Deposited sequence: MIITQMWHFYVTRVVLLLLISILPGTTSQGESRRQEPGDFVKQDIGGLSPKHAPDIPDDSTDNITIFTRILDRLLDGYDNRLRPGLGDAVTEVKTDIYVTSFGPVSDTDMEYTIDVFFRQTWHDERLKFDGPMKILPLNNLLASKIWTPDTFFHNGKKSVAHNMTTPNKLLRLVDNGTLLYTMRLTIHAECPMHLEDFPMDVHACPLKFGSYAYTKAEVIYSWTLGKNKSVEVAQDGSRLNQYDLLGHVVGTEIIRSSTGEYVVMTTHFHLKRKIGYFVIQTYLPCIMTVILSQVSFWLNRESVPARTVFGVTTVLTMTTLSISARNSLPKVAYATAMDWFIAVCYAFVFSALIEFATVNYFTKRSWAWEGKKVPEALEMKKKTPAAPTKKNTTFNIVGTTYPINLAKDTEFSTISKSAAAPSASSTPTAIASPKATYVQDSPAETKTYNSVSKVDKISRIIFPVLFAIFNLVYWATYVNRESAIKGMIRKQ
């Protein structure tokens, strides 16, 4: 009952519509983030989901007490009865504050008046993606947050443990299927709006896409399809029905690969790096069909080898079967070198 006596005095005459030190100073909100799970990243929506213990620390002289406990952990329901910063995520598309089995929030009043207000949130934040080097991109997805109503003269945000210790990612907490969280860099800025100046806290999570998934689902089928087209050159040039099936099947196979590749990608006009690889693979596959067409153009006798003049393997075929696997080989070396070596 004694702790109820102390806990009700703090709320007596407490106006939760007013800042602490309103008209006297600027309320400092020291923030740290413990990412419990860096959720998946949606390329299509240019958004990522991140499960977070969002911790905010600010000083409130109205909430100082002298009691037997130096810190009071209260129920999450008391958070709605006291002033908390109206923090919001400038790029937050949609967010959830979990209530299973109760509001996943913690509220601690330190004896000196400091408040620790932590929340478990899932945050679908905007991550504008420059997919020029896709699938080998390095994306610095931002997590911008700051006060909505209170200008820079009322609420400033800082990092409680400094720049390099205020954003902690759990070693196991990585639900990234397709990306590697290289690291994070935190910064602070001030943004000018039509309503005033606001302090914005930005956390850039640097994500490296794992090329392994695309090595299997698109590149290798493209390479094997490119290899399959180059299989036509070794086959007999009088075998027109077999060669044609190779060309049409491979070219139409590339069309399915190209459409499926863009199906995962958003509807942008960046002309990603995979498009160049697919297009060049398309050109190799398409040129193989054209190579057969020129072989078919000069294929005169049309009677296959037996044991009655017989055809000879075209010089185009002999040169095609050399240059195609070399030109694709050197194309791969220059292609892979440029994108992997980028920072």
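Unmodelled regions of the deposited chain, listed from N- to C-terminal end, are 1-64, 372-446, 483-492.
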